[PDB]
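Survey of secondary and tertiary structure
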Amino acid sequence: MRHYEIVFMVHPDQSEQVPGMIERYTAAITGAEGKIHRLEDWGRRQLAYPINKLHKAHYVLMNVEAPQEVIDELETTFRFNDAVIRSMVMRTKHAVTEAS
Amino acid sequence: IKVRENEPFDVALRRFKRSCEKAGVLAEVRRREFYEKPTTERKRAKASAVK
Amino acid sequence: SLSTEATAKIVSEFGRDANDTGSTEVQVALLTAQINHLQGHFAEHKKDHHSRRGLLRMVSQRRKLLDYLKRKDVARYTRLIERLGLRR
Amino acid sequence: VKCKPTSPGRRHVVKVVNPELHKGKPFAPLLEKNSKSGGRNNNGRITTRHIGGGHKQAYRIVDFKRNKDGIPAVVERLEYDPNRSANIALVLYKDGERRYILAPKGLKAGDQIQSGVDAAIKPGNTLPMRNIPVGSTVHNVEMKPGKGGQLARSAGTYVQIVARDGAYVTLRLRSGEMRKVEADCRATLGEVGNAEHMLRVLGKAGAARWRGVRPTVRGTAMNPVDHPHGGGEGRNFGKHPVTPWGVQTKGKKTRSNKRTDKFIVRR
Amino acid sequence: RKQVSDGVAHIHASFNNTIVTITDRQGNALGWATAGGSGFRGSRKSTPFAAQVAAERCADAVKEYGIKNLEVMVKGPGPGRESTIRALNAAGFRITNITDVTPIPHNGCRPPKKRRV
Amino acid sequence: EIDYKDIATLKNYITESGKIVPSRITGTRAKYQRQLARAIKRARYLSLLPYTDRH
RNA sequence: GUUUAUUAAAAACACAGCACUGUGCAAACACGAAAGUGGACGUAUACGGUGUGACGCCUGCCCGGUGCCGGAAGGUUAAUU
RNA sequence: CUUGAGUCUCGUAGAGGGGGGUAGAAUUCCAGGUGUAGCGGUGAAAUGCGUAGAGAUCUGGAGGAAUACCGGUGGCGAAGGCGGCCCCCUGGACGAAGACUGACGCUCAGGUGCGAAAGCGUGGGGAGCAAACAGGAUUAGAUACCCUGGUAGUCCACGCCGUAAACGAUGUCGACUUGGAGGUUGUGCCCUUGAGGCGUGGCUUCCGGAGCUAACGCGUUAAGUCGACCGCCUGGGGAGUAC
Ligand SMILES: [Mg+2]
Ligand SMILES: [Mg+2]
Ligand SMILES: [Mg+2]
Ligand SMILES: [Mg+2]
Ligand SMILES: [Mg+2]
Ligand SMILES: [Mg+2]
Ligand SMILES: [Mg+2]
Ligand SMILES: [Mg+2]
Ligand SMILES: [Mg+2]
Ligand SMILES: [Mg+2]
Ligand SMILES: [Mg+2]
């Protein structure tokens, strides 16, 4: 199980779905024996530039740990998740707990 | 490259950004790039720079 | 380079005694069961050459170690490949 | 050449060049869902378009559209399909009923493939345009909600939407560049249909064509009465076009309803 | 007629030429003039002591309108990209600030091998 | 200093043009000038340190 | 391979290939006053068309004349009123 | 047997290679607001673009190439190489305590393999430069130099060719031999209070000692002083061409 510092950004208005995703996110990772240390909601920070056109977006933060066989699903889920925008998952760097 | 101030006094300070680009990264781009000349310009016009 | 818990294993597979890492009995099997795992790689990325370099030089000295092995004893030689299955 | 693993050369043994085969289509025993299919090229009367008249054909099998939805499927192995190379792939749904489907790229061992709204976005089963994503690869679309026609030539065809699009239409055709078409439509989605297939060169006159095509190739060939151009010594001054087309640019497509689309190039 | 009061300007300054195009906050144009667009040509122009008599040309076509104040863009280096701004403010003009909008690749395309004099 | 959420740390490390700050005029161990340089790359994409100060 | 049944089987047409152009489908296009039909239950890696004729190595300069492709501001311009 | 080759351990920095993502800048071409006689360009000019509205300029889309800044006198690899970022699969190299086997060893004609650019294939894409090509100008003149355009082709796999000032015009492996200012990595200890401080291994840049050197210069990275092996060289043109 490689660790992963994964962050991502969900469209503003659509921030309604913020929870349903988040739950149904650990709802697969929990369920491949995996581990999730650090994890914390960031918020509708105001953006550096017109990404996807719309200078505002929620963020999150993950730092999880599981098989690429499960983050592969999720990997492309984002792409085929509409309400979401620029998304990114950094590989291990090892387990990091606590920070903002 | 953002200026603008208060108290109308056509000051200056446009030069503050004169030294983080300007014609600077234009000479590099102006005519042509470098290719092999940087093979001998940062690693050769460096003999210019040892004291 | 390889999986920690599997390397170790192979040395318990082949340690005339325990923990004799830098032997020859092993260092063979090490370069071998490595190669055999590298195998399904290069029939994919069929031109990642630099990667294959130390992959050639891998087998390369793998034989220097059988040539050796065999030069100083055959009983051991034809007991190592009987199991390792090599000779290709 | 271009692709893996192999599309064969052909030993220069007896006046020849190159064939064209593939791993897995072993079984030739067609199912049962296919109809005779006649022949020639006439109509209730005289001729229309020359050429075309080879034997041996049959096989019509079937399918487009996929109006089974909310239901899985299992590729039971691809197959050769004539009058249209593009292979085929059997395909079984769970209930126990087979159909034929078009044969897009990475299929074989049953795989997912399930039609329906919001279903397996992959290369497989169709999913109505509306909820079809950035669509960079679609397929045999549908001019209208329930037709299913479009570009059946999965023999290497790409159709490509333009992301997620509005109004309810989008599209950039294979060649005919960007034309709009109802979004309430659908598409095989995968967009491919194996075209290492169409890179060959039959080889040898009839032995190629003649199981298919006659000899369109008729040129002037003189007798300047059977055509508009030919005769004389052995040459043909005179502004070349068949049955007075003007067979360079010029072009026709003079109306009929549509022309509800934009761009399509020039050159 | 609108009478803007908060419209912009764009000073495109090539080496052998420099244009002054006055536009609005949004971006829509408003008035203009330029180097070769004023008496001197060839290379008699380009010099700064030419490309501000142009500047003071835009003034008579940008006062039909209402401009109580403006900002400026300097897309382009060269002989008239400061001096241009001089006969600006003075000929009866305010100014929030200056913003540079000159080209900047991240090495993206090849440029003219050109001048091999 | 090995990430980005310290984005207030990284804020003095630029300019009015984004232009990443040298290890020249701040000879900063250099091997730190690497484990800082990269973070701005990776972070810029994520709508923080705006690529430039024109947009 | 084919051809002038019955004076010409050739250096003819053909031929695989090569190029051009047309054709987004109710295709282009062909028979039809028409309906309707062939292009096919095909779908731009698909079909008409036209030139050239396994293969290798090549395919220069001319847009003035004419085609056709494009523009439409101005000129002239039908029925019309 | 253990110091040579190495195996395990455990650290560590890095543009090492292949595949798959990608975000931002940037031209250009499309689509409309604006707006008017102008832009482009040279030494000047012309060719070309602009009243069928250039260019400026804005808001939008398509798309291809490349990754400023960081970047280094830097980093990597066996050479030719290689630069944003992310993800998987994968080399090598370095070091520290150790832990291990026990001369495996360094050399190699032929043998095999990698191969900048350019070019030939099949097929792809083709934003910008541009051979060839047409105008334009300069001259006696211009098949060129600058100007205006533009085909291939720079780009993609798949495959061929397999040469370059293929560079350090300086094989490899091994121990020597005065130092002096550095660069980057790795590990010991110093009130670790510290920027740093001191020993010590890989790599590296500049001076430069003896000494070698035909001079210029090489000089711990030797062109010093020795040791295994392989490559080539014997006067210029004719000629790396002919057969
Ligand atoms: Mg005849
Ligand atoms: Mg006759
Ligand atoms: Mg006869
Ligand atoms: Mg008769
Ligand atoms: Mg006869
Ligand atoms: Mg012929
Ligand atoms: Mg002929
Ligand atoms: Mg090195
Ligand atoms: Mg090339
Ligand atoms: Mg030129
Ligand atoms: Mg010296």
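Residues numbered from 1 in each chain as written, not as in the entry; some residues may be left out. Chains lettered and ligands numbered in written order. Part of a larger assembly, values for the part shown. Heavy atoms only, no water.

What the entry reports as its method is X-ray crystallography, with 3.74 Å given for the resolution.

Let us look at the overall build of chain B. Assigned secondary structure in chain B consists of one helix and zero strands. Its C-alpha radius of gyration of 17 Å places chain B more than 25% over the 10 Å reference for a compact globule of 51 residues. Every one of the 51 residues in chain B was classed for burial, and the buried ones make up 12%. A distance of 6 Å separates the average location of the 16 positive side-chain charges in chain B from that of its 8 negative side-chain charges. (Helix = DSSP H or I, 4+ residues; strand = E, 2+ residues; numbered from the N terminus. Rg over C-alpha atoms; globule rule 2.2 N^0.38 Å. Buried < 20%, exposed > 50% of the residue type's maximum accessible area, 1.4 Å probe, protein only. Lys, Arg positive; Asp, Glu negative; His and termini not counted. Charge placed at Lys NZ, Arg CZ, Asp CG, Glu CD.)

In this section: helix 3 (residues 49–71) of chain C. All names here are of chain C. When the terminal C-alpha atoms of helix 3 are compared, their 32 Å separation across 23 residues agrees well with the 33 Å that a helix rising 1.5 Å per residue should span. Taken as a whole, helix 3 has its buried residues at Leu55, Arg62, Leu65, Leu66 and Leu69. Backbone geometry just after helix 3 places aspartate 73 at a positive phi near 110°. (Expected span 1.5 Å × (residues − 1).)

Before going further, it helps to examine the interface of chain F and chain A. The parts lose accessible area when they come together, and the size of an interface is often stated as this lost area. At the junction of the two partners, chain F supplies 13 residues and chain A supplies 18 residues. Overall, the association of chain F and chain A removes approximately 1,400 Å² of surface from exposure, summing both partners, and the carbon and sulfur fraction of that is 61%. For the chain F face of the interface with chain A, the top three residues by lost area are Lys5, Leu46 and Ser47 of chain F, together amounting to 44%. The interface formed by chain F and chain A includes one salt bridge. (Contact = heavy atoms within 4.5 Å. Buried area = accessible area lost by both parts, 1.4 Å probe. Salt bridge = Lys/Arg side-chain N within 4 Å of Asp/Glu carboxyl O.)

What follows covers the arrangement of the chains. Contact between chain A and chain B is absent, and the least distance between their C-alpha atoms amounts to 15 Å. A gap remains between chain A and chain C, with no contact made and the closest C-alpha atoms lying 13 Å from each other.

Looking now at the protein's contact with RNA strand G. Residue and element names in this part refer to chain D. Taken together, 60 residues sit near RNA strand G, with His50, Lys147, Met198, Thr249 and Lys252 positioned nearest. Counting only atoms of RNA strand G within 4 Å of the protein, the sugar-phosphate share comes to 79%. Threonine 220 is positioned such that a nitrogen or oxygen atom in its backbone is 2.8 Å from a phosphate oxygen of RNA strand G. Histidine 229 places a polar side-chain atom, nitrogen or oxygen, 3.4 Å from a phosphate oxygen of RNA strand G. (Near = heavy atom within 4 Å. Polar contact = N/O pair within 3.5 Å; in protein donor to acceptor, adjacent residues only side chain to side chain.)

Attention shifts here to the protein's contact with RNA strand H. RNA strand H sits among 101 residues. The nearest are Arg42 of chain B, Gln27 of chain C together with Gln33, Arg38 and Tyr45 of chain F. Backbone atoms, meaning sugar and phosphate, make up 73% of the atoms of RNA strand H lying within 4 Å of the protein. Here a base nitrogen of RNA strand H sits 2.7 Å away from a polar atom, N or O, in the side chain of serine 51 of chain C. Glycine 36 of chain E has a polar backbone atom sitting 3.4 Å from a phosphate oxygen of RNA strand H. A per-element tally of the surface near RNA strand H places helix 3 of chain C first, with 11 residues. In terms of residue class, the surface near RNA strand H is built from 30 nonpolar, 37 polar and 34 charged. (Nonpolar A, V, L, I, M, F, W, Y, C, P; charged D, E, K, R; others polar.)

What follows covers the sheet that holds strand 5 (residues 84–90) of chain A. Residue and element names in this part refer to chain A. The strand order across the open sheet formed by three strands is 3-2-5, and the pairing between neighbours is antiparallel. Strands at the two margins of the open sheet, each flanked by one partner only, are strand 3 (58–59) and strand 5. Pairing geometry for strand 2 (residues 5–10) and strand 5, over five bridges, is antiparallel. Looking across to strand 5, one finds that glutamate 5 is bridged to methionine 90. (Pairing = 2+ DSSP bridges.)

If you look at the biggest cluster of nonpolar residues, it comprises 21 residues, and the most contacted ones within it are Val7 and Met9 of chain A together with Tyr4 and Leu49 of chain F. Those elements that place two or more of their residues in this core are strand 2 and strand 5 of chain A together with helix 1 (37–44) of chain F. For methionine 9 of chain A, the residues in contact, after removing those within four places along its chain, are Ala57, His58, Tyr59, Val84, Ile85 and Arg86 of chain A together with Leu46 and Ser47 of chain F. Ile11, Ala54, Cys58 and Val62 of chain E belong to the second-largest nonpolar core, a separate cluster that totals 18 residues. (Core = buried A, V, L, I, M, F, W, Y, C linked by side-chain atoms within 4.5 Å.)

A separate point is the packing of aromatic side chains. Throughout the structure, instances matching the rule amount to five aromatic pairs over all chains. Between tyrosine 49 of chain A and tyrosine 51 of chain F, the aromatic rings sit 6.2 Å apart at their centres with planes inclined by 50°, giving tilted as the arrangement. One end of the pair, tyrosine 49 of chain A, is in the loop between helix 1 (18–29) and strand 3; the other, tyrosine 51 of chain F, is in the segment after helix 1, on a second chain. Looking at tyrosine 49 of chain A, the relative accessible area reads 13%, which means it is buried. A relative accessible area of 34% means that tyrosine 51 of chain F is categorised as partly exposed. Residues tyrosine 45 of chain F and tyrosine 51 of chain F carry aromatic rings whose centres are separated by 5.8 Å and whose planes lie at 75° to one another, so their mutual orientation is edge-to-face. (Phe/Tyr/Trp six-rings, centres within 6.5 Å; stacked < 30°, edge-to-face > 60°.)

This part is about the interface of chain B and chain F. Taken together, the contact pairs five residues of chain B with six residues of chain F. Of the roughly 480 Å² buried between chain B and chain F, counting both surfaces, carbon and sulfur atoms make up 46%. Counting the surface chain B buries against chain F, the share from its top three residues, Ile1, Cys20 and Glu21 of chain B, is 73%. Across the contact surface, chain B and chain F share one salt bridge. The partner of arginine 54 of chain F in a salt bridge is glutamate 21 of chain B, with the nearest N and O atoms 3.9 Å apart. Inspection of the chain B/chain F interface yields two residue pairs in polar contact. Taken together, the residues that form the side of chain B that touches chain F break down as two nonpolar, no polar and three charged.

Along an α-helix, residues three or four positions apart point the same way, because every turn accommodates 3.6 residues. Residues and elements named next belong to chain A. With 12 residues, helix 1 extends 17 Å from end C-alpha to end C-alpha; this agrees with the ideal 16 Å at 1.5 Å per step. Residues of helix 1 that are buried include every one of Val18, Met21, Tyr25 and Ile29, and no others. For helix 1, the buried positions fall inside an angular range of 70° around the axis, keeping them on one side. Facing away from the buried side of helix 1 by more than 90 degrees, the exposed set consists of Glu23, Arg24 and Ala27. (Arc of directions from axis to C-beta.)

What follows covers the pairing of strand 3 (residues 29–34) of chain E. Residues and elements named next belong to chain E. Pairing geometry for strand 2 (residues 17–23) and strand 3, over five bridges, is antiparallel. Bridging across to strand 3, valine 20 finds its partner in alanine 33. What sits between the antiparallel neighbours strand 2 and strand 3 is a turn of five residues.

Glancing now at a negative patch on the surface. On the surface, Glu69, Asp72, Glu73 and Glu75 of chain A cluster together to form a negatively charged patch. Position of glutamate 69 of chain A relative to the elements: it lies in helix 2 (residues 68–79). (Patch = residues over 30% accessible without salt bridge, like charges linked within 9 Å, V, L, I, M, F, W, Y side chains within 5 Å. Areas by Shrake-Rupley, 256 points an atom, 1.4 Å probe, with all protein chains shown as cover.)

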